[PDB]
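Read through the structure below, which is laid out as structure tokens, and then see the notes.
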Amino acid sequence: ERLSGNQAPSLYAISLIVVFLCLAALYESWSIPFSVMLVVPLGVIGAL
Amino acid sequence: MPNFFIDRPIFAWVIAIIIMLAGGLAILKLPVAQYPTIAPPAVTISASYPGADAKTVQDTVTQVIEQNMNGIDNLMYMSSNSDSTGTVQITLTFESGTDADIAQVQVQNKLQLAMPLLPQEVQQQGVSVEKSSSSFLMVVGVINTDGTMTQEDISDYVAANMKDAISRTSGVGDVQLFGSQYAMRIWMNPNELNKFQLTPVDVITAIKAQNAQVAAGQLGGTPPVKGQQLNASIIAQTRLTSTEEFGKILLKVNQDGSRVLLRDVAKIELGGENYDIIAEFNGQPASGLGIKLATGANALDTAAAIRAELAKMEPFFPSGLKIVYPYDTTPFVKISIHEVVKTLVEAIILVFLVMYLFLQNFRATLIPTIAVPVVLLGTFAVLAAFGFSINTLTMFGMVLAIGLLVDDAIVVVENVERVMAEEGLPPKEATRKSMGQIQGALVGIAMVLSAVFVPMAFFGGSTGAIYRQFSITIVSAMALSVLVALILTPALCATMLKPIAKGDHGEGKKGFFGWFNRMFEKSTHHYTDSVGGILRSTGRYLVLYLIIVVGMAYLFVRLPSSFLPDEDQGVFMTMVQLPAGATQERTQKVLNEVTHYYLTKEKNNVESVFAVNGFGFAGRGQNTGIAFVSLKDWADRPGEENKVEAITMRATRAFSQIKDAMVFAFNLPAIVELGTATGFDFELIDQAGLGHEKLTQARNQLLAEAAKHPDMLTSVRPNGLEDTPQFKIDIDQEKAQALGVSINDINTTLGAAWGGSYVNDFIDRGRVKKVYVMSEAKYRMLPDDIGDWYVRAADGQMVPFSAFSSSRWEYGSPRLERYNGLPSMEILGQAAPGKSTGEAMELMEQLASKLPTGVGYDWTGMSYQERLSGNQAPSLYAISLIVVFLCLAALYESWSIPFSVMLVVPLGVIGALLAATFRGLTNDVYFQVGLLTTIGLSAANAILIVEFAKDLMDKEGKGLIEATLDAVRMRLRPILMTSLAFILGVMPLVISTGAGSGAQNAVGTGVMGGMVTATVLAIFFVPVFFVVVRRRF
Amino acid sequence: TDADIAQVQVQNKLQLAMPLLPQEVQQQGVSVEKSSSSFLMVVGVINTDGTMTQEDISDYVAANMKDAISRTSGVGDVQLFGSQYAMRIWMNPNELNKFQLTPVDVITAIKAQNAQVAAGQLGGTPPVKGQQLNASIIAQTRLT
Amino acid sequence: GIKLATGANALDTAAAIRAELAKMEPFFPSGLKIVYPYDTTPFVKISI
Amino acid sequence: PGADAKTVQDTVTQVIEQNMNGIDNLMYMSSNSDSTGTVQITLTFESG
Amino acid sequence: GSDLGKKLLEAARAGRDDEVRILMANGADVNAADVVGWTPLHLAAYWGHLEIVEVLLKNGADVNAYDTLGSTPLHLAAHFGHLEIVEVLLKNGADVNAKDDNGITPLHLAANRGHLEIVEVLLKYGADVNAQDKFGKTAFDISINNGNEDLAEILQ
Ligand SMILES: CCCCCCCCCCCCO[C@@H]1O[C@H](CO)[C@@H](O[C@H]2O[C@H](CO)[C@@H](O)[C@H](O)[C@H]2O)[C@H](O)[C@H]1O
Ligand SMILES: CN(C)c1ccc(O)c2c1C[C@H]1C[C@H]3[C@H](N(C)C)C(O)=C(C(N)=O)C(=O)[C@@]3(O)C(O)=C1C2=O
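Residue numbers (the entry's author numbering), protein chains in the order written: chain A, 866 to 913; chain B, 1 to 1033; chain C, 98 to 241; chain D, 290 to 337; chain E, 50 to 97; chain F, 11 to 166.
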């Protein structure tokens, strides 16, 4: 349980970074990617 | 792919960022050690037989174990020593790549099943089965400075209050105590014993009865009678805990009712389990811990964690106790990491300067500065994924690869700049055109470097394990290098480079860069004029080439070979060997001299002398010892005179005087396995019923013959011990039976008194420890003492040992050796100067063929790993050669044009040899890997010349000479740029002194010699190769 | 199944039984092997000068050849077609009775008089000061 | 009589056995000779 | 057999435990020593 | 002890004849003894180096030197079956009946190892057939205990 909790922030951070990079690469842009990532709190707040 | 990413710089960045994150992560988690595992897995079996002579050990323990070492997988060979300290070690060595854990459990399990055949007292001591390792992370010394503790006191303190905490520390894999925990020592007095008609047998019996754990049971245990209210354990007799209690042990009640206690017939004290080693640290009593690094652990973190644990023990130390660090590899390893990081960084800085000097704009300058770190990071990620560590070999692997990495960066950027200046194309279009020109050659180069280095991963044994470290590191770097060159650098060129006006070669600029450009433009014309003249006269250059090839062979054959350079590691060793039979006190005198020398004559260099009396490498005993010297930090030892090699030389000369003793100092080998030297390792074997004496005669015969060939063999010597006087005592069975004296009483009385006997265990402050009985010293020193020991006959009369025994002097072996289960004698030697170990081995076999009937031989160790994995090198570089040719043929779509590239090989090798020869270095591992990278880079330079030339002929219809001159004109600048940056970058290594400079010199010298001649020669010879090869076909 | 691990697992349980076995069984050596049940090959040994009996050849093979073959990687089990030599004491009940002895006395005497004794050293550590002699004491050794 | 260890290669093991016997032959007592009454190995090599 | 908890801990449990160092991937170790003289030492390893 | 004495003990032990020759020319102490009382002659006797035995005797070696347990070079040569060395020693005045500390004689030792020729030589030179060691044993007692019939017959 302690381990699970301790690594979770790392998990989220690297996951978001990877998602962002994949978008940048796919859409040859930094802006399109930043535009969609801003959506993430919109979903996270509902989950919470 | 370059086209793809020129239009997709963000995708290219994303790939680059992913690579950097992976490498950054790898850098954080990569294990660090001085060296990776190199030696084949070995398992050692160790047993102790208190008071046993070598033949007893061998014939009641060693042979029995050896006969059960069957049905174990991947065994190469097995060897053993049995000696008169009562010790046996059997070493089993497994094929490289064997799982060491499996090897060790298979061995332990065959042993477990032989235990019931071993003597009781050997089963009592236990028989240890362990993985072998000769390398320590560090040695922690523990001393007492106020004269209040003996080495025994200290060893027990360490054992009770330090060892376990160190073993539990993060990263340590194993800890050896330099001494033992206390034992309860009962030192018997034969006069007292006889006074009360007692013997050691009565003492052993009484101890076993009055120092014991006795099982009782329970009150109200199940099944109970119903209605029982109480259930409680019964505690009965439990072990003794103190010397006082051992003293009060009851041996006898006299008729007058008075009592004989153990303290009436013996001195009782906490002492050591053994007294063969006397350890001193600058003359003070010492113990210590020998610490090894756990698998996959980080050396620097572990050393740090160890020091932190020690620090938190310090408050509880008794007075005078002090921690000391006579050996720690970590500071040396720190230096290597700082030096390699320094080398890579200033290489990048040099590339920066060279790029600006020639290209004269910061944007071009930035591209290599980004590409190269991306390549390095990715390489770390790949190494990590491969399971490699950051070590001396892998670190220098990346240094040896710097030229190759920089070249890909410079070549891509320089070609875009040329195309812009020569055609006026805008950056994007220029970059596309430029990659169109070098694309295939960049891949071809990656393939050729692969074909050069990969086969080197396939050498067998230990030297193979070393080569593999360089091979995989360099090939990985090359792989990343060409990926970044096809993906990131084109994207960066197309998006970061400013346009250049057609015809603008900067000659209109002012000041230095203005003067540099016109100077270099003129130099290029001069250069191409010479090439034009050279190509009018190629005949003489074929002659010159053959002269180089001949000279390369000449220099190659005379360069002495070695493995790895010695280093000033801040420590070295002094061997102290007294004549056979010399006592411990005599050996101590000589160690006292040795220590007094170092702390006097080398006052400004030496921190400490750790003197170990009683310890040797090829045989222990009272007559041998070692002095382990630790130096002050390199910073306080300025100059070659205060470095290890010089200190050692002075020491050995100084000690050559010492009276009746061989005393000499030596530096430590880089590894220690690998045997360095020229070195061969030969085993003479008894194949029939011959016996120790006939084997010795045959050995002497072999040694005398070897000595008659100083031309071929030098220092052919036994590795073991010579026979010595021993005291043979015969028990007369008849007289013993007539007197009613049992043989068992006789033999335990003798063995217990004169040899010591492990009785049972006691509990000393919560820790279980051994109880030993043995005679007090003054009653077991000389033959006349034998008669002072009495045995009780059945009728109660005390019978002196002299009544039923007789004695004589004879000779016997203090150390018996076996090899693959047969009696053996190891012989060491080396090839004489100029001779190959192969030649020396052939002679040894020849001489061996003329020895008496029944005498055989074998090769072991470093020599075993020559008789196989040395008959393997030529076929590997044949494969390399063929694969390189096949790649070039595919690159050039020609069976012949490849030769014009391959011909470059000697041009760099000659310079490497000249430089190594001149500086007095050797043909070692770093030299050899350097040859390969120097060859690789010159091949890459040639590949692009030939490529440009061939395409001019194919696509622009140009003539052979016309195409060659144009090709060589375009390639001059990138070739000089790479060589300049690299040669400058590897220069600090060449001049380096101090820690790690042995390795640094080996890397630098050859690379710098080779790159100079490769560059200077190929810019003239490659045009020649291409022209003569093209003409001929 | 990994035969290495199977063998390790079998032996781990065997060592729990080992101490419960008769002493004479433990001393013969109990063995754990991982091999095929059928013979790979048979290596025969003969004497073409007829100068060695069946018994002699068998001892030669057991004593000079079998151990190294048994250690060879891939050799799962080796059966000797014959027997190594032993010191054979062939008792005579009539003579034993004549001297009022039994096989128990014979066994005891053999253990007492065919013994290999650990006897320590002259000048052994820890020694008195000024000791000049150091030498192994050699007592009884195995008969031959 | 030699049995093959579980999973071990029959031809390699036979080769190692012959190599080892070769090391012993030169020290045989006079008249001692190795004979090869039964080998399952040759057929494997030959049939292949 | 017959040993109390402390005796078996000093003569057995601690003896085994101080030899349980430098084993790969060990996460933690727990033991108990009891009045029937029985010892159990459990070593738990990293998840892979 | 001396420097050259040590070298001589070693050379005699090793049977390096030529070194012994040189050492003899330089006055290396033929009477040097190691810590158990063995002289170069003891050593050469023990290890069967005949030519060195003869050289050593030409150079004034004490033919009847005894070690710290009373054993002479003849004890050694007789014990280890060196027939020619036994003969040379006897020719040069070796005490054919020397008793070590155990009361053991050269004859006892040669009998025990069943050296028949050596036993005959020792008898020829007056070896006392009836000499008893500390346990009352004779060469004859030893031969019948060993079950050596040829030997027993020689000793009558
Ligand atoms: C970056 C490293 C720079 C290092 C520069 C140091 C100097 C190196 C000199 C390289 C050798 C070039 O030497 C070159 O030789 C050829 C002959 O072979 C000369 O050529 C001349 O002689 C030949 C032969 O008689 C004639 O056929 C030719 O027509 C004539 O011009 C060139 O004029 C000269 O330039
Ligand atoms: C060889 N070595 C590094 C050292 C250095 C300094 C030392 O002070 C010592 C050693 C070896 C160790 C080995 C240990 C051993 N053991 C770990 C308890 C051991 O089995 C013996 C033995 N003779 O049986 C020792 O000599 C020994 O007790 C000993 O006294 C040592 C010792 O004192």
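For each residue, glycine too, the CB sits at the ideal point set by N, CA and C.
DSSP state of residue i mapped onto helix, strand, coil
i	result
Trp754 of chain B	helix
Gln830 of chain B	strand
residue 1036 of chain B	Nothing can be reported for residue 1036 of chain B, as the shown portion of chain B is limited to 1 through 1033.
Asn74 of chain B	coil
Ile268 of chain B	strand
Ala299 of chain D	helix
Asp83 of chain E	coil
residue 1034 of chain B	Not covered by the structure: residue 1034 of chain B. The range shown for chain B is 1 to 1033.
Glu280 of chain B	strand
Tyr779 of chain B	helix
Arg765 of chain B	coil
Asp153 of chain C	helix
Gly173 of chain C	strand
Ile975 of chain B	helix
Of the listed residues the options, nearest to residue i (C-alpha basis)
i	options	result
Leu631 of chain B	B:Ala618, B:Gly614, B:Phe610	B:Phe610
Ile731 of chain B	B:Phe396, B:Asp764, B:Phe801, B:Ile975	B:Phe801
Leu564 of chain B	B:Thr93, B:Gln106, B:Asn1001, B:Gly71	B:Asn1001
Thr49 of chain F	F:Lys68, F:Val73, F:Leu93, F:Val98	F:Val73
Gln701 of chain B	B:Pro852, B:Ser561, B:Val1024	B:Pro852
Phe178 of chain B	B:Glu842, B:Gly994, B:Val139, B:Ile763	B:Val139
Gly461 of chain B	B:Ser319, B:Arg717, B:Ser96, B:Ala232	B:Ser96
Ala54 of chain F	F:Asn155, F:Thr82, F:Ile164, F:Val45	F:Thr82
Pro224 of chain C	B:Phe918, B:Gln584, B:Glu645, B:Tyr819	B:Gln584
7 Å Cβ cut-off: residues of chain B touching residue i
i	result
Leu868 of chain A	Result: empty, since nearest Cβ-Cβ is about 17 Å, beyond 7 Å.
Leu79 of chain F	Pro783, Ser807, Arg808, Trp809
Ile154 of chain C	Those within 7 Å of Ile154 of chain C in chain B number zero; the least Cβ separation is about 15 Å.
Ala889 of chain A	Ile10, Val14
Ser894 of chain A	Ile10
Per-residue contacts from residue i into chain B (C-beta, under 8 Å)
i	result
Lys226 of chain C	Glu585
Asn112 of chain F	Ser806, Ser807, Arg808
Residues that residue i contacts on chain D, provided the C-beta gap is smaller than 7 Å
i	result
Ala688 of chain B	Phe316
Contacts of residue i in chain C (Cβ-Cβ under 7 Å)
i	result
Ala294 of chain D	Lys131, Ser132, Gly171, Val172, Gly173
8 Å Cβ cut-off: residues of chain E touching residue i
i	result
residue 1035 of chain B	Residue 1035 of chain B cannot be examined here, being either before or after the span of chain B that is shown, 1 to 1033.
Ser167 of chain B	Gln67, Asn70, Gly71
Chain C residues whose Cβ lies nearer than 8 Å to that of residue i
i	result
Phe178 of chain B	None at all; the shortest Cβ gap to chain C is about 16 Å.
Nearest-angstrom beta carbon gap, residue j and residue i [assumed within contact, 8 Å]
i	j	result
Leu972 of chain B	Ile943 of chain B	That belief does not hold up - the Cβ atoms of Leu972 of chain B and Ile943 of chain B are roughly 15 Å apart, past 8 Å.
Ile291 of chain D	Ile306 of chain D	7 Å
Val606 of chain B	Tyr598 of chain B	5 Å
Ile268 of chain B	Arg185 of chain B	7 Å
Residues with a Cβ closer than 7 Å to any heavy atom of ligand 2, in chain order?
B:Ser48, B:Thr85, B:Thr87, B:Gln151, B:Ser155, B:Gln176, B:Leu177, B:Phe178, B:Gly179, B:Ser180, B:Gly272, B:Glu273, B:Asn274, B:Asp276, B:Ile277, B:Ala279, B:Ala286, B:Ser287, B:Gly288, B:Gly290, B:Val612, B:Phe615
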